[PDB]
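One chain is shown next in structure tokens, namely the form deposited in one PDB entry.
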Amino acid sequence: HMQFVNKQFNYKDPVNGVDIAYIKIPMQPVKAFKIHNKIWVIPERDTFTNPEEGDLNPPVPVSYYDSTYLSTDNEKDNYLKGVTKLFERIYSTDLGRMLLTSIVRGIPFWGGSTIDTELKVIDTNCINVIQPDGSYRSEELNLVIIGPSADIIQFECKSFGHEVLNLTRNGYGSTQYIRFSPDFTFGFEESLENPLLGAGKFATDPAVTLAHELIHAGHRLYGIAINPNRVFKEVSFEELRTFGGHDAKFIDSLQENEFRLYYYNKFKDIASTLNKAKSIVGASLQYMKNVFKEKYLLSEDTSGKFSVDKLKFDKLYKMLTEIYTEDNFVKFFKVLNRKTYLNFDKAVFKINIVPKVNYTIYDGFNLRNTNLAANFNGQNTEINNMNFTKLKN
């Protein structure tokens, strides 16, 4: 049986109000599946996180629009089993296990109250969960995997903002929503080693596509995201960090080090908010004080802990910013991947990673004991054409 995903959810499965539920994104309800503590999956196209982006009608170099995708319960059960299977694959790694744990730990901070002495949740770091008796109760979560909006292949990580606070960047953190599909993959290129096998089309293992957005999710959960302002003469610092590898030192070790001490200080600001705290709204004040100490790897002192172990911050901060990277995950999955984010994808492939004969948790497309095992022939869209239907812009 499983390990990350508690049970095997079918979309047919009956609402129970706890892990199978109709919810409201903080509008009409959607069935949602709590695959793991703090992590839900919504197998719908995302019409909800954007008040403007409330449609799927076509209006970016590579794009793909189909208003009907993720419409049938047959699609939604598959979408769910895909994300599930992709969750298991990423968790099957020492890297993916550690990052999912940082993500489950990374509970968004209680910086909600105008009141300086008071801890309160921020409304947006919740969903409203309709309990079978036909009533709604707010539940905190860290992560939502949701299906895409109009552009099917527009994968991202977003979060409800604060009227004053930069939640993903002040250390607080915020509930994270990933528009993601295990139902599509993009083509990239590399001509192997056999010096040159011309211009072939390999497919991205969508476990990498998912890993990418989780690393963003982890960044934004620990409120250590880099301002999307910060770019390369034009590519996001946050993306270059997230991709990692040869790209990673395009970001100067100058801003690398100011970014680090800026977050150290926003951690200390957070450790003072707790100590100064004398009240709580809605769990125990101390229980909730100890979840954030667990989160920010806080210390011990009988007067009232307070201290940030600058040595322990360093190990968390780097784990999140410099080890949790797309490149490192590529070495673990042992797949053919982009050698840079500065790439672009060329083609869009319809895939089905659900049937174990198509894709596994341990090898993805590149199945053991087959031709797909050699030379990443699993990911090669010319050889494994039976697992990739090319589509256009």
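Residues that one form lacks are left out of the comparison. From 1 onward, residues are counted along the sequence shown. In this text, rigid core is short for the largest set of C-alphas that superpose within 1.5 Å between two forms.
- The segment from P59 to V60 is interrupted, since 4 to 9 residues of the deposited sequence in that interval carry no coordinates.
- The stretch of deposited sequence separating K233 from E234 contains 10 or more residues lacking coordinates in this entry.
- The stretch 294-302 shows the higher mean C-alpha B-factor when 216-224 is compared against 294-302 in the entry.
- Between 243-251 and 90-98, the higher mean Cα B-factor belongs to 243-251.
- Which of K356, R368, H36, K331 has the largest Cα B-factor in the deposited entry comes down to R368.
- Highest CA B-factor among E139, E238, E156, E190, as stated in the entry: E190.
- Annotation for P206: C-alpha temperature factor in the lowest third relative to the rest of the modelled chain, per the entry.
- Among the modelled residues of its chain, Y177 has a C-alpha B-factor that falls in the lowest third according to the deposited record.
- Annotation for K315: CA B-factor lies in the highest third of the chain's modelled residues.
- When the modelled residues of the chain are ordered by C-alpha B-factor, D133 sits in the highest third.
- The entry lists a Cα temperature factor for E256 that places it in the highest third of the chain's modelled residues.
Absent from the display: the form solved in complex with a small molecule. The rest refers to it.
- Although the partner is absent from the chain shown here, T209, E239 and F344 each have a heavy atom within 4.5 Å of the small molecule in the bound PDB entry.
- Proximity to the small molecule in the bound PDB entry, defined as a heavy atom within 4.5 Å, holds among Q255, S299, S71, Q154 only for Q154.
- Only one of the listed residues (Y263, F313, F292, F186) places a non-hydrogen atom within 4.5 angstroms of the small molecule in the bound PDB entry, and that residue is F186.
- In summary, the region of this chain contacting the small molecule in the bound PDB entry, judged by heavy atoms within 4.5 Å and restricted to 328-336, 61-69, 36-44, 358-366, corresponds to 61-69.
- Although the partner is absent here, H216 sits close enough that one of its heavy atoms falls within 4.5 Å of the small molecule in the bound PDB entry.
- Large C-alpha shift between the shown form and the other one, rigid core held fixed: of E294, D94, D133, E258, this applies to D133 alone, with a displacement of 2 Å or more.
- In this core-based overlay, residues 132-134, 199-201, 304-306 form runs of three or more whose Cα positions differ by 2 Å or more between the shown form and the other one.
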